[PDB]
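In what follows, a structure is listed as structure tokens, so that the remarks can point back to it.
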Amino acid sequence: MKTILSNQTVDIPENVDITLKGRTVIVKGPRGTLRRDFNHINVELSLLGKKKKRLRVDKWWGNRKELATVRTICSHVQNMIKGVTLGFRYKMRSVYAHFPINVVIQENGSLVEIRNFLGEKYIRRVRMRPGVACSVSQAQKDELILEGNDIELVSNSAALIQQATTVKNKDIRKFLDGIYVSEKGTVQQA
Amino acid sequence: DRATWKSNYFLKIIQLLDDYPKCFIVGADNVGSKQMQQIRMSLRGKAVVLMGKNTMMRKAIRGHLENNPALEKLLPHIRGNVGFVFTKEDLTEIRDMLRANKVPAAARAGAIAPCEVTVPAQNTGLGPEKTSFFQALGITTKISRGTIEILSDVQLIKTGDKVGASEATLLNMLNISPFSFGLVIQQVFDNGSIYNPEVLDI
Amino acid sequence: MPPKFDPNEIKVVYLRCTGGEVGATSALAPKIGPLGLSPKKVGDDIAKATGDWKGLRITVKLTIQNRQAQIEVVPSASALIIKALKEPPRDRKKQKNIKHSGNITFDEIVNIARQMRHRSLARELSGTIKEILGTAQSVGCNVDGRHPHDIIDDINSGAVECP
Amino acid sequence: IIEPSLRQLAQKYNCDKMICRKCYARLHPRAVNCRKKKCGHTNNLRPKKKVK
RNA sequence: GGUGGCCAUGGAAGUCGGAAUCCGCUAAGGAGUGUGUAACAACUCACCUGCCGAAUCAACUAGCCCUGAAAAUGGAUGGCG
Ligand SMILES: [Mg+2]
Ligand SMILES: [Zn+2]
């Protein structure tokens with residue numbers, strides 16, 4: 001069954017100014033500017049609210065499986081807005097029995113340098129993506145802070161080091177060591 | 001359960017709205033099942049506590065009885081956990097005052113309420129140094145032999161201002177137990193009247 | 001008991017269940033009993049004399065501490081008295097036909113049971129507890145020639161004498 | 001050794017998992033269905049074994 | 001809660017197992033779904049509430065595809081597609 005219409009309005013705050021080039025949404029607030037293309041999903045993105053109050057995504061002659069996606073675009077747009085207003089912060093706390101996982105950021109964000117996970121001589125290196133500023137925390141012991149505007153980029157990068165730090169040929173029930181994400185949040189909370 | 005048993009509850013609420021003209025609206029946010037067992041037996045001589053759900057917005061259907069009116073002023077308060085306690089013998093505050101038992105206390109970060117909170121310059125009795133929740137804020141303290149003191153005083157947080165997490169946790173470490181008023185009383189009804197617990201009401 | 005290791009009388013409560021004669025198989029309370037200045041043997045065998053002259057079918061047992069004095073009271077439990085309201089005591093070494101035996105009246109002795117249900121119940125007055133402790137059966141099965149079954153529905157007594 | 005809240009972080013990420021009985025593929029706690037095309041999307045799931 | 005309920009004691013006080021097996025407070029809480037615990041607790045789940053606003057859910061049965069599905073000179077809806 002094709003559903004004649006499905007739609008959704010995103011409520012855009014007074015801080016930000018989205019401006020869509022056809023289908024491609026660009027978002028600029030305090031923090032910076034983000035962009036993303038929905039040159040796949042195939043919907044009608046209107047900016048109906050004057051002053052500038054609403055993104056409305058339509059979908060229109062759509063069967064079930066594209067009706068899904070109405071809401072997913074609607075999300076990557078909120079998720080941009082939160083990114084360019086507040087900005088995200090994933091915290092990730094290192095975990096162990098014994099060998100201290102020994103982290104050291106090494107340009108600005110960029111290189112996250114890990115000696116000694118489980119006594120291993122090989123020093124794992126991990127790049128961040130562009131726009132992702134890693135930094136070793138304070139007010140807490142074994143704990144990184146990945147700051148960035150883009151969720152997509154910030155959470156590969158969590159996951160890259162969370163996955164770079166995996167044990168092999170053991171019980172990972174027992175060997176519960178490595179670095180992993182403890183708290184997805186924001187820089188500014190409001 | 002539940003086209004008959006529902007339609008049953010309906011006949012017991014409509015009863016106590018007629019028979020019992022004195023209504024006490026109670027907030028039981030934190031409660032135990034052994035707690036209420038004891039409160040009903042401690043007030044068995046007096047009151048009748050009545051616990052329901054959403055449906056309590058059926059004062060409309062007793063008000064529909066081509067009959068009662070001022071039950072419109074009961075409409076804004078059937079919201080966010082509430083029950084009523086119907087009593088014959090009331091007689092004003094004097095049974096209402098003896099009901100207030102031990103409880104919050106509590107105190108949490110993100111709260112607002114009652115009056116200006118004070119911590120009389122008294123010697124604390126906590127383990128030594130333990131000055132870091134005072135040093136974080138700013139009060140003049142001294143180790144006289146072993147245990148800790150405040151050798152000065154003021155109001156920590158004033159009315160309308162938010163209580164921080166460190167200033168909340170230090171207050172419940174000291175045993176000073178303010179900011180609370182849940183399971184006690186929210187809004188009385190007695191003969192179409194509108195009482196208000198800011199203070200004449202008692 | 002409080003900053004530094006203090007006490008200030010001994011009036012402290014401990015509760016136990018079960019009872020043949022007493023205990024004595026390198027055993028009684030321990031854990032709670034030993035640190036407490038009690039023992040394992042004299043304050044065990046003086047728990048005989050009071051929990052005795054008939055209790056030999058499991059008990060509940062509050063022992064009040066005073067310096068090194070262990071007061072051995074038998075506080076009645078609702079099912080324990082209803083097992084002792086039986087056509088009673090056969091005891092041990094037969095027994096064997098077992099303790100699902102089950103035929104015992106307690107017509108007004110369940111009134112005396114629901115009377116001696118001291119505080120515990122937070123009670124509607126008899127006519128509901130009469131049914132609570134009437135409903136907890138498995139052995140007896142109600143009054144001379146009846147079943148608990150049909151007392152639950154009604155009870156044309158007690159009600160206005162117990163308030 | 002390894003602080004409780006810290007541990008039960010890692011546990012959340014390596015231990016509380018459902019698992020497909022067909023393909024042994026490892027799944028989140030809520031799964032009523034597998035991900036994998038190979039097993040045929042099974043529903044034959046079990047919890048991953050808690051270490052003794 | 002009545003409540004180390006009864007059987008079982010080896011522990012099973014709701015819980016290796018079973019007969020069973022019902023009241024109070026009721027609001028609603030099974031003499032218990034489980035975790036697990038020697039047993040508890042502590043936790044959880046039924047039950048029932050608090051907050052939200054209108055559609056929601058379950059078992060079948062079929063259509064279409066996915067799996068079951070593993071063979072030897074290279075590779076055949078006829079090929080191309
Ligand atoms: Mg191995
Ligand atoms: Zn699978």
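Residues are referred to by chain and number: the chain letter is A, B, ... according to the order shown in the structure tokens, the number counts from 1 in that chain, and ligands are numbered separately from 1 in the order shown.
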
- Task: Taking the DSSP assignment computed from this structure's backbone, write out as a list in words all residues of chain C that belong to strand (DSSP E).
- Result: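 In chain C, DSSP puts these residues in strand (DSSP E): residues 12, 13, 14, 15, 16, 17, 60, 61, 62, 63, 64, 65, 66, 69, 70, 71, 72 and 73 of chain C.
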
For the residues selected in the previous step, produce a file with C-alpha atoms as a PDB file, in the first residue's frame.
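part28.pdb, written as the output of this step:
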ATOM      1  CA  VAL C  12      19.194  -6.354  71.852  1.00  0.00           C
ATOM      2  CA  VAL C  13      16.858  -8.714  69.912  1.00  0.00           C
ATOM      3  CA  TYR C  14      17.624 -11.885  67.893  1.00  0.00           C
ATOM      4  CA  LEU C  15      15.004 -14.277  66.389  1.00  0.00           C
ATOM      5  CA  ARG C  16      15.409 -18.000  65.482  1.00  0.00           C
ATOM      6  CA  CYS C  17      13.177 -20.806  64.122  1.00  0.00           C
ATOM      7  CA  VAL C  60       9.800 -19.491  66.292  1.00  0.00           C
ATOM      8  CA  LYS C  61      12.125 -18.272  69.093  1.00  0.00           C
ATOM      9  CA  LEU C  62      13.007 -14.697  70.214  1.00  0.00           C
ATOM     10  CA  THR C  63      16.120 -14.633  72.429  1.00  0.00           C
ATOM     11  CA  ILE C  64      16.613 -11.297  74.271  1.00  0.00           C
ATOM     12  CA  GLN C  65      20.232 -10.472  75.203  1.00  0.00           C
ATOM     13  CA  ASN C  66      21.037  -8.928  78.683  1.00  0.00           C
ATOM     14  CA  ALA C  69      21.609 -13.605  79.501  1.00  0.00           C
ATOM     15  CA  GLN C  70      19.627 -15.090  76.617  1.00  0.00           C
ATOM     16  CA  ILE C  71      15.847 -15.019  77.328  1.00  0.00           C
ATOM     17  CA  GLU C  72      14.231 -17.977  75.576  1.00  0.00           C
ATOM     18  CA  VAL C  73      10.585 -17.033  74.812  1.00  0.00           C
TER      19      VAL C  73
END

- Long-range neighbours of residue 34 in chain B as a PyMOL selection string, 10 Å cut-off, only C-alpha atoms (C1' of nucleotides), 5 positions minimum in chain: (chain B and resi 39) or (chain E and resi 1+25)

- Item | Shell around residue 5 in chain D at 12 Å using only C-alpha atoms (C1' of nucleotides), local window under 3 positions removed, as a list in words |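 After dropping sequence-adjacent residues, the list is residues 93, 95 and 182 of chain A; 2, 8, 9, 10, 11 and 12 of chain D.
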
Write to file, as an mmCIF file, in the first residue's frame, the residues of the selection just made, with C-alpha atoms.
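Result saved to out_12.cif:
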data_model
loop_
_atom_site.group_PDB
_atom_site.id
_atom_site.type_symbol
_atom_site.label_atom_id
_atom_site.label_comp_id
_atom_site.auth_asym_id
_atom_site.auth_seq_id
_atom_site.Cartn_x
_atom_site.Cartn_y
_atom_site.Cartn_z
ATOM 1 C CA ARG A 93 36.629 5.832 30.277
ATOM 2 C CA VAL A 95 39.096 0.127 31.977
ATOM 3 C CA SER A 182 30.631 6.028 29.061
ATOM 4 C CA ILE D 2 38.437 -2.941 38.562
ATOM 5 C CA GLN D 8 29.577 -2.961 34.509
ATOM 6 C CA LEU D 9 30.345 -0.441 31.738
ATOM 7 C CA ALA D 10 32.575 -2.964 29.925
ATOM 8 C CA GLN D 11 30.121 -5.759 30.768
ATOM 9 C CA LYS D 12 27.411 -3.692 28.967
#

- Item | Atom-to-atom span, CA of residue 116 in chain A and CA of residue 152 in chain A, Å |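 For CA of residue 116 in chain A relative to CA of residue 152 in chain A, the distance reads 28.7 Å.
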
- Query: Using only C-alpha atoms (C1' of nucleotides), which chain E residues lie at most 10 Å away from chain C, written as a PyMOL selection string?
  - Reply: chain E and resi 1-7+19-25+31

Within 7 Å of ligand 2, counting only C-alpha atoms (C1' of nucleotides) and all ligand atoms: which residues, as a JSON list (two decimals) with C-alpha atoms, in the first residue's frame?
[["chain", "number", "residue", "atom", "x", "y", "z"],
["D", 20, "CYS", "CA", 21.86, -16.56, 17.48],
["D", 21, "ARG", "CA", 21.70, -20.31, 17.96],
["D", 22, "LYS", "CA", 22.02, -20.87, 14.21],
["D", 23, "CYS", "CA", 24.88, -18.48, 13.25],
["D", 24, "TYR", "CA", 26.47, -17.65, 16.67],
["D", 25, "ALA", "CA", 26.17, -14.00, 15.70],
["D", 34, "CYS", "CA", 18.93, -12.04, 14.23],
["D", 35, "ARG", "CA", 20.61, -9.61, 11.81],
["D", 36, "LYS", "CA", 22.18, -12.14, 9.56],
["D", 38, "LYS", "CA", 22.81, -16.45, 6.43],
["D", 39, "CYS", "CA", 20.86, -18.10, 9.25],
["D", 40, "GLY", "CA", 17.57, -16.89, 7.81],
["D", 41, "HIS", "CA", 16.89, -14.17, 10.34],
["D", 42, "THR", "CA", 16.14, -16.78, 12.94]]

Site check for ligand 1: residues at most 12 Å away, only C-alpha atoms (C1' of nucleotides) and all ligand atoms, as a PDB file with N, CA and C atoms, in the first residue's frame:
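In the end it all went to result.pdb:
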ATOM      1  N   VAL A 167      40.635  -7.118  22.709  1.00  0.00           N
ATOM      2  CA  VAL A 167      41.480  -8.244  23.081  1.00  0.00           C
ATOM      3  C   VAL A 167      41.175  -9.395  22.138  1.00  0.00           C
ATOM      4  N   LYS A 168      42.168 -10.256  21.914  1.00  0.00           N
ATOM      5  CA  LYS A 168      42.002 -11.449  21.080  1.00  0.00           C
ATOM      6  C   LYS A 168      42.499 -12.714  21.765  1.00  0.00           C
ATOM      7  N   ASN A 169      41.856 -13.825  21.409  1.00  0.00           N
ATOM      8  CA  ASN A 169      42.158 -15.170  21.914  1.00  0.00           C
ATOM      9  C   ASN A 169      42.057 -15.305  23.437  1.00  0.00           C
ATOM     10  N   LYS A 170      40.977 -14.751  23.986  1.00  0.00           N
ATOM     11  CA  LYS A 170      40.727 -14.733  25.430  1.00  0.00           C
ATOM     12  C   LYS A 170      39.245 -14.894  25.759  1.00  0.00           C
ATOM     13  N   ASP A 171      38.918 -14.831  27.051  1.00  0.00           N
ATOM     14  CA  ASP A 171      37.551 -14.564  27.456  1.00  0.00           C
ATOM     15  C   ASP A 171      37.307 -13.083  27.586  1.00  0.00           C
ATOM     16  N   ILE A 172      36.557 -12.498  26.661  1.00  0.00           N
ATOM     17  CA  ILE A 172      36.220 -11.092  26.823  1.00  0.00           C
ATOM     18  C   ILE A 172      35.080 -10.870  27.829  1.00  0.00           C
ATOM     19  N   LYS A 174      35.945 -12.135  30.788  1.00  0.00           N
ATOM     20  CA  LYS A 174      36.924 -11.915  31.832  1.00  0.00           C
ATOM     21  C   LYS A 174      37.770 -10.695  31.527  1.00  0.00           C
ATOM     22  N   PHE A 175      38.440 -10.714  30.381  1.00  0.00           N
ATOM     23  CA  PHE A 175      39.344  -9.639  29.995  1.00  0.00           C
ATOM     24  C   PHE A 175      38.527  -8.434  29.536  1.00  0.00           C
TER      25      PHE A 175
END

- Query: Can you list, as a list in words, every protein, DNA or RNA residue that comes within 9 Å of residue 75 in chain A when you count only C-alpha atoms (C1' of nucleotides), leaving out same-chain residues fewer than 5 positions away?
  - Reply: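 Final neighbour list, sorted by chain and number: residues 10, 70 and 80 of chain A.
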
- Please determine the contact residues of chain E with respect to chain B at a cut-off of 12 Å, counting only C-alpha atoms (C1' of nucleotides), and supply them as number ranges by chain. E: 1, 24-29, 47-52

- For range 92-101 of chain B, please output as an MDAnalysis selection string all residues within 9 Å (counting only C-alpha atoms (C1' of nucleotides); exclusion window: fewer than 3 positions along the same chain). chainID B and resid 39 43 46 183:185 201:202

- residue 97 in chain A surroundings by only C-alpha atoms (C1' of nucleotides), 12 Å radius, close-in-sequence under 6 positions cut, as a list in words: residues 117, 118, 119, 174, 175, 176, 177 and 178 of chain A; 1, 2, 3, 4, 6, 7 and 10 of chain D

- Between CA of residue 52 in chain C and CA of residue 103 in chain C, what is the distance, to one decimal in Å?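 Result for CA of residue 52 in chain C versus CA of residue 103 in chain C: 24.8 Å, one decimal.
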
- Message: Neighbouring residues of residue 151 in chain B were defined as those with any atom within 7 Å, considering only C-alpha atoms (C1' of nucleotides); residues of the same chain fewer than 4 positions away were excluded. Please report them as a ChimeraX atom specification.
- Response: /B:121,140-141

- Mind giving me the straight-line distance from CA of residue 157 in chain B to CA of residue 116 in chain B in Å, one decimal?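 Answer for the CA of residue 157 in chain B to CA of residue 116 in chain B separation: 6.6 Å.
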
In chain D, what's alpha helix (DSSP H) per DSSP? Answer as a CSV table (one decimal) with N, CA and C atoms, in the first residue's frame?
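Ended up saving to result-v3.csv:
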chain,number,residue,atom,x,y,z
D,4,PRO,N,33.5,-1.5,40.4
D,4,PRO,CA,32.2,-1.9,39.9
D,4,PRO,C,31.5,-1.2,38.8
D,5,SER,N,31.3,0.1,38.9
D,5,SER,CA,30.6,0.9,37.9
D,5,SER,C,31.4,0.9,36.6
D,6,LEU,N,32.7,1.0,36.7
D,6,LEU,CA,33.6,0.8,35.6
D,6,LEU,C,33.5,-0.5,34.9
D,7,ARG,N,33.4,-1.6,35.7
D,7,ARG,CA,33.3,-3.0,35.2
D,7,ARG,C,32.0,-3.1,34.4
D,8,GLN,N,30.9,-2.8,35.1
D,8,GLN,CA,29.6,-3.0,34.5
D,8,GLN,C,29.3,-2.0,33.3
D,9,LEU,N,30.2,-1.1,33.1
D,9,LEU,CA,30.3,-0.4,31.7
D,9,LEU,C,30.8,-1.5,30.7
D,10,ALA,N,32.0,-2.0,30.9
D,10,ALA,CA,32.6,-3.0,29.9
D,10,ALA,C,31.7,-4.2,29.7
D,11,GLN,N,31.1,-4.7,30.8
D,11,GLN,CA,30.1,-5.8,30.8
D,11,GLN,C,29.0,-5.4,29.8
D,12,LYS,N,28.5,-4.2,29.9
D,12,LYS,CA,27.4,-3.7,29.0
D,12,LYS,C,27.8,-3.8,27.5
D,13,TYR,N,29.0,-3.8,27.2
D,13,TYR,CA,29.5,-3.7,25.9
D,13,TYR,C,30.1,-5.1,25.4
D,14,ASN,N,30.4,-6.0,26.3
D,14,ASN,CA,30.9,-7.4,25.9
D,14,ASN,C,30.2,-8.6,26.4
